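Enquirer: Structure file query_36.pdb (PDB, N, CA and C atoms) is given on the next line.
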```pdb
MODEL        1
ATOM      1  N   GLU A   1      11.571  -2.689  -3.334
ATOM      2  CA  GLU A   1      10.286  -3.413  -3.106
ATOM      3  C   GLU A   1       9.218  -2.613  -3.809
ATOM      4  N   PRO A   2       8.782  -3.104  -4.987
ATOM      5  CA  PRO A   2       7.878  -2.342  -5.842
ATOM      6  C   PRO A   2       6.640  -1.916  -5.071
ATOM      7  N   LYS A   3       5.989  -2.863  -4.405
ATOM      8  CA  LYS A   3       4.701  -2.634  -3.766
ATOM      9  C   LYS A   3       4.732  -1.553  -2.685
ATOM     10  N   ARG A   4       5.775  -1.545  -1.863
ATOM     11  CA  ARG A   4       5.942  -0.470  -0.892
ATOM     12  C   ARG A   4       6.134   0.894  -1.571
ATOM     13  N   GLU A   5       7.078   0.974  -2.505
ATOM     14  CA  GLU A   5       7.311   2.198  -3.268
ATOM     15  C   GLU A   5       6.036   2.748  -3.931
ATOM     16  N   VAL A   6       5.266   1.867  -4.567
ATOM     17  CA  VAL A   6       4.016   2.219  -5.275
ATOM     18  C   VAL A   6       2.953   2.676  -4.294
ATOM     19  N   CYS A   7       2.750   1.877  -3.257
ATOM     20  CA  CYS A   7       1.735   2.186  -2.271
ATOM     21  C   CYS A   7       2.030   3.509  -1.552
ATOM     22  N   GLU A   8       3.300   3.755  -1.222
ATOM     23  CA  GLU A   8       3.696   5.023  -0.602
ATOM     24  C   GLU A   8       3.259   6.230  -1.408
ATOM     25  N   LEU A   9       3.245   6.089  -2.726
ATOM     26  CA  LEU A   9       2.934   7.214  -3.589
ATOM     27  C   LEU A   9       1.473   7.212  -4.040
ATOM     28  N   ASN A  10       0.616   6.773  -3.119
ATOM     29  CA  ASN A  10      -0.821   6.968  -3.176
ATOM     30  C   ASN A  10      -1.293   7.162  -1.743
ATOM     31  N   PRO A  11      -1.767   8.379  -1.414
ATOM     32  CA  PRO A  11      -2.074   8.762  -0.038
ATOM     33  C   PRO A  11      -3.078   7.830   0.626
ATOM     34  N   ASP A  12      -4.087   7.374  -0.122
ATOM     35  CA  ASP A  12      -5.032   6.395   0.393
ATOM     36  C   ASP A  12      -4.406   5.026   0.635
ATOM     37  N   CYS A  13      -3.410   4.668  -0.176
ATOM     38  CA  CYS A  13      -2.817   3.330  -0.034
ATOM     39  C   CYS A  13      -1.867   3.410   1.148
ATOM     40  N   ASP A  14      -1.094   4.489   1.218
ATOM     41  CA  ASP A  14      -0.183   4.653   2.346
ATOM     42  C   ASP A  14      -0.971   4.678   3.652
ATOM     43  N   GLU A  15      -2.062   5.445   3.686
ATOM     44  CA  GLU A  15      -2.900   5.465   4.868
ATOM     45  C   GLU A  15      -3.311   4.053   5.286
ATOM     46  N   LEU A  16      -3.868   3.291   4.346
ATOM     47  CA  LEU A  16      -4.303   1.922   4.622
ATOM     48  C   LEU A  16      -3.137   1.041   5.079
ATOM     49  N   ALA A  17      -1.972   1.212   4.451
ATOM     50  CA  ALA A  17      -0.776   0.453   4.813
ATOM     51  C   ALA A  17      -0.336   0.709   6.263
ATOM     52  N   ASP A  18      -0.627   1.896   6.796
ATOM     53  CA  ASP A  18      -0.299   2.204   8.197
ATOM     54  C   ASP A  18      -1.029   1.276   9.167
ATOM     55  N   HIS A  19      -2.199   0.806   8.766
ATOM     56  CA  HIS A  19      -2.970  -0.087   9.611
ATOM     57  C   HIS A  19      -2.710  -1.557   9.312
ATOM     58  N   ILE A  20      -2.557  -1.912   8.031
ATOM     59  CA  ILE A  20      -2.556  -3.329   7.636
ATOM     60  C   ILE A  20      -1.292  -3.825   6.934
ATOM     61  N   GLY A  21      -0.285  -2.966   6.805
ATOM     62  CA  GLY A  21       0.925  -3.312   6.077
ATOM     63  C   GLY A  21       0.797  -3.007   4.586
ATOM     64  N   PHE A  22       1.935  -2.820   3.908
ATOM     65  CA  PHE A  22       1.935  -2.518   2.466
ATOM     66  C   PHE A  22       1.485  -3.639   1.535
ATOM     67  N   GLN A  23       1.817  -4.888   1.856
ATOM     68  CA  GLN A  23       1.363  -6.020   1.022
ATOM     69  C   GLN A  23      -0.172  -6.108   0.943
ATOM     70  N   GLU A  24      -0.829  -6.018   2.097
ATOM     71  CA  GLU A  24      -2.280  -6.080   2.156
ATOM     72  C   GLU A  24      -2.921  -4.839   1.518
ATOM     73  N   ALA A  25      -2.288  -3.682   1.696
ATOM     74  CA  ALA A  25      -2.770  -2.409   1.095
ATOM     75  C   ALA A  25      -2.588  -2.471  -0.403
ATOM     76  N   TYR A  26      -1.374  -2.788  -0.839
ATOM     77  CA  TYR A  26      -1.123  -2.881  -2.270
ATOM     78  C   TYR A  26      -2.083  -3.880  -2.936
ATOM     79  N   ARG A  27      -2.379  -4.998  -2.275
ATOM     80  CA  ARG A  27      -3.236  -5.998  -2.907
ATOM     81  C   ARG A  27      -4.671  -5.494  -3.052
ATOM     82  N   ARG A  28      -5.126  -4.708  -2.086
ATOM     83  CA  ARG A  28      -6.472  -4.164  -2.155
ATOM     84  C   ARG A  28      -6.587  -3.154  -3.291
ATOM     85  N   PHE A  29      -5.586  -2.292  -3.426
ATOM     86  CA  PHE A  29      -5.576  -1.236  -4.447
ATOM     87  C   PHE A  29      -5.168  -1.637  -5.839
ATOM     88  N   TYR A  30      -4.215  -2.551  -5.930
ATOM     89  CA  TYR A  30      -3.649  -2.957  -7.201
ATOM     90  C   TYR A  30      -3.748  -4.465  -7.444
ATOM     91  N   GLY A  31      -4.788  -5.058  -6.865
ATOM     92  CA  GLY A  31      -5.265  -6.363  -7.280
ATOM     93  C   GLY A  31      -6.454  -6.124  -8.194
TER      94      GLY A  31
ENDMDL
END
```
So that I can check it, write out the structure of this file as structure tokens.
Expert:
Amino acid sequence: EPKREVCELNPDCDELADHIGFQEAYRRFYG
């Protein structure tokens, strides 16, 4: 799952994903 893998390897994205999930985090950072 590209988005989870990518988001995990950005501390701010991983942090955000802890609250809102990786799809929503990835979209905020890499939209």
Enquirer: Quick one: pull the distance between CA of residue 19 (chain A) and CA of residue 7 (chain A), Å, one decimal.
Expert: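 Interatomic distance here is 13.0 Å.
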Enquirer: Mind checking which residues fall within 12 Å of residue 5 (chain A), counting only C-alpha atoms, ignoring those fewer than 4 positions away in the same chain, and posting them as a list in words?
Expert: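 My list of contacting residues is residues 1, 9, 10, 11, 13, 14, 17, 22, 23, 25 and 26 of chain A.
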Enquirer: As a PyMOL selection string, list the residues of chain A assigned to alpha helix (DSSP H) by DSSP on the backbone atoms of this structure.
Expert: chain A and resi 2-8+11-20+22-30
Enquirer: Between CA of residue 2 (chain A) and atom C of residue 18 (chain A), what distance in Å does the model show, to one decimal?
Expert: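 Answer for the CA of residue 2 (chain A) to atom C of residue 18 (chain A) separation: 17.8 Å.
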Enquirer: Calculate, to one decimal in Å, the centre and edge lengths of the box along x, y and z of the file that holds all listed atoms of region 13-25 of chain A with 4 Å of margin on each side, and present them as AutoDock Vina command-line options.
Expert:
```
--center_x -1.2 --center_y -0.3 --center_z 4.6 --size_x 14.2 --size_y 19.6 --size_z 18.0
```
Enquirer: Would you mind writing region 7-28 of chain A with N, CA, C and O atoms, as a PDB file, in the coordinates of the input?
Expert:
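Result file rebuild-v6.pdb:
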```
ATOM      1  N   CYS A   7       2.750   1.877  -3.257  1.00  0.00           N
ATOM      2  CA  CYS A   7       1.735   2.186  -2.271  1.00  0.00           C
ATOM      3  C   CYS A   7       2.030   3.509  -1.552  1.00  0.00           C
ATOM      4  O   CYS A   7       1.117   4.323  -1.341  1.00  0.00           O
ATOM      5  N   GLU A   8       3.300   3.755  -1.222  1.00  0.00           N
ATOM      6  CA  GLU A   8       3.696   5.023  -0.602  1.00  0.00           C
ATOM      7  C   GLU A   8       3.259   6.230  -1.408  1.00  0.00           C
ATOM      8  O   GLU A   8       2.925   7.269  -0.842  1.00  0.00           O
ATOM      9  N   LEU A   9       3.245   6.089  -2.726  1.00  0.00           N
ATOM     10  CA  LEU A   9       2.934   7.214  -3.589  1.00  0.00           C
ATOM     11  C   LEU A   9       1.473   7.212  -4.040  1.00  0.00           C
ATOM     12  O   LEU A   9       1.139   7.590  -5.170  1.00  0.00           O
ATOM     13  N   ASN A  10       0.616   6.773  -3.119  1.00  0.00           N
ATOM     14  CA  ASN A  10      -0.821   6.968  -3.176  1.00  0.00           C
ATOM     15  C   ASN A  10      -1.293   7.162  -1.743  1.00  0.00           C
ATOM     16  O   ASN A  10      -1.227   6.231  -0.942  1.00  0.00           O
ATOM     17  N   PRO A  11      -1.767   8.379  -1.414  1.00  0.00           N
ATOM     18  CA  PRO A  11      -2.074   8.762  -0.038  1.00  0.00           C
ATOM     19  C   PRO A  11      -3.078   7.830   0.626  1.00  0.00           C
ATOM     20  O   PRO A  11      -2.940   7.555   1.819  1.00  0.00           O
ATOM     21  N   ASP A  12      -4.087   7.374  -0.122  1.00  0.00           N
ATOM     22  CA  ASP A  12      -5.032   6.395   0.393  1.00  0.00           C
ATOM     23  C   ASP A  12      -4.406   5.026   0.635  1.00  0.00           C
ATOM     24  O   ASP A  12      -4.856   4.277   1.520  1.00  0.00           O
ATOM     25  N   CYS A  13      -3.410   4.668  -0.176  1.00  0.00           N
ATOM     26  CA  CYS A  13      -2.817   3.330  -0.034  1.00  0.00           C
ATOM     27  C   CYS A  13      -1.867   3.410   1.148  1.00  0.00           C
ATOM     28  O   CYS A  13      -1.819   2.491   1.969  1.00  0.00           O
ATOM     29  N   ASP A  14      -1.094   4.489   1.218  1.00  0.00           N
ATOM     30  CA  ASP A  14      -0.183   4.653   2.346  1.00  0.00           C
ATOM     31  C   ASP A  14      -0.971   4.678   3.652  1.00  0.00           C
ATOM     32  O   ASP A  14      -0.602   4.001   4.616  1.00  0.00           O
ATOM     33  N   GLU A  15      -2.062   5.445   3.686  1.00  0.00           N
ATOM     34  CA  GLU A  15      -2.900   5.465   4.868  1.00  0.00           C
ATOM     35  C   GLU A  15      -3.311   4.053   5.286  1.00  0.00           C
ATOM     36  O   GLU A  15      -3.108   3.657   6.443  1.00  0.00           O
ATOM     37  N   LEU A  16      -3.868   3.291   4.346  1.00  0.00           N
ATOM     38  CA  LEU A  16      -4.303   1.922   4.622  1.00  0.00           C
ATOM     39  C   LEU A  16      -3.137   1.041   5.079  1.00  0.00           C
ATOM     40  O   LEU A  16      -3.301   0.243   6.002  1.00  0.00           O
ATOM     41  N   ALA A  17      -1.972   1.212   4.451  1.00  0.00           N
ATOM     42  CA  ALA A  17      -0.776   0.453   4.813  1.00  0.00           C
ATOM     43  C   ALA A  17      -0.336   0.709   6.263  1.00  0.00           C
ATOM     44  O   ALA A  17       0.219  -0.187   6.910  1.00  0.00           O
ATOM     45  N   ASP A  18      -0.627   1.896   6.796  1.00  0.00           N
ATOM     46  CA  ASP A  18      -0.299   2.204   8.197  1.00  0.00           C
ATOM     47  C   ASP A  18      -1.029   1.276   9.167  1.00  0.00           C
ATOM     48  O   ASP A  18      -0.552   1.003  10.269  1.00  0.00           O
ATOM     49  N   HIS A  19      -2.199   0.806   8.766  1.00  0.00           N
ATOM     50  CA  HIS A  19      -2.970  -0.087   9.611  1.00  0.00           C
ATOM     51  C   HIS A  19      -2.710  -1.557   9.312  1.00  0.00           C
ATOM     52  O   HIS A  19      -2.688  -2.361  10.233  1.00  0.00           O
ATOM     53  N   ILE A  20      -2.557  -1.912   8.031  1.00  0.00           N
ATOM     54  CA  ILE A  20      -2.556  -3.329   7.636  1.00  0.00           C
ATOM     55  C   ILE A  20      -1.292  -3.825   6.934  1.00  0.00           C
ATOM     56  O   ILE A  20      -1.219  -4.996   6.578  1.00  0.00           O
ATOM     57  N   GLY A  21      -0.285  -2.966   6.805  1.00  0.00           N
ATOM     58  CA  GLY A  21       0.925  -3.312   6.077  1.00  0.00           C
ATOM     59  C   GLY A  21       0.797  -3.007   4.586  1.00  0.00           C
ATOM     60  O   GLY A  21      -0.313  -2.959   4.054  1.00  0.00           O
ATOM     61  N   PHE A  22       1.935  -2.820   3.908  1.00  0.00           N
ATOM     62  CA  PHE A  22       1.935  -2.518   2.466  1.00  0.00           C
ATOM     63  C   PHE A  22       1.485  -3.639   1.535  1.00  0.00           C
ATOM     64  O   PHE A  22       0.882  -3.370   0.497  1.00  0.00           O
ATOM     65  N   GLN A  23       1.817  -4.888   1.856  1.00  0.00           N
ATOM     66  CA  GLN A  23       1.363  -6.020   1.022  1.00  0.00           C
ATOM     67  C   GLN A  23      -0.172  -6.108   0.943  1.00  0.00           C
ATOM     68  O   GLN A  23      -0.740  -6.260  -0.138  1.00  0.00           O
ATOM     69  N   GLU A  24      -0.829  -6.018   2.097  1.00  0.00           N
ATOM     70  CA  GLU A  24      -2.280  -6.080   2.156  1.00  0.00           C
ATOM     71  C   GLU A  24      -2.921  -4.839   1.518  1.00  0.00           C
ATOM     72  O   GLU A  24      -3.954  -4.951   0.855  1.00  0.00           O
ATOM     73  N   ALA A  25      -2.288  -3.682   1.696  1.00  0.00           N
ATOM     74  CA  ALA A  25      -2.770  -2.409   1.095  1.00  0.00           C
ATOM     75  C   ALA A  25      -2.588  -2.471  -0.403  1.00  0.00           C
ATOM     76  O   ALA A  25      -3.536  -2.298  -1.168  1.00  0.00           O
ATOM     77  N   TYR A  26      -1.374  -2.788  -0.839  1.00  0.00           N
ATOM     78  CA  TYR A  26      -1.123  -2.881  -2.270  1.00  0.00           C
ATOM     79  C   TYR A  26      -2.083  -3.880  -2.936  1.00  0.00           C
ATOM     80  O   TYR A  26      -2.555  -3.635  -4.043  1.00  0.00           O
ATOM     81  N   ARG A  27      -2.379  -4.998  -2.275  1.00  0.00           N
ATOM     82  CA  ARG A  27      -3.236  -5.998  -2.907  1.00  0.00           C
ATOM     83  C   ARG A  27      -4.671  -5.494  -3.052  1.00  0.00           C
ATOM     84  O   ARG A  27      -5.363  -5.825  -4.015  1.00  0.00           O
ATOM     85  N   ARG A  28      -5.126  -4.708  -2.086  1.00  0.00           N
ATOM     86  CA  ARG A  28      -6.472  -4.164  -2.155  1.00  0.00           C
ATOM     87  C   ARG A  28      -6.587  -3.154  -3.291  1.00  0.00           C
ATOM     88  O   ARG A  28      -7.556  -3.172  -4.038  1.00  0.00           O
TER      89      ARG A  28
END
```
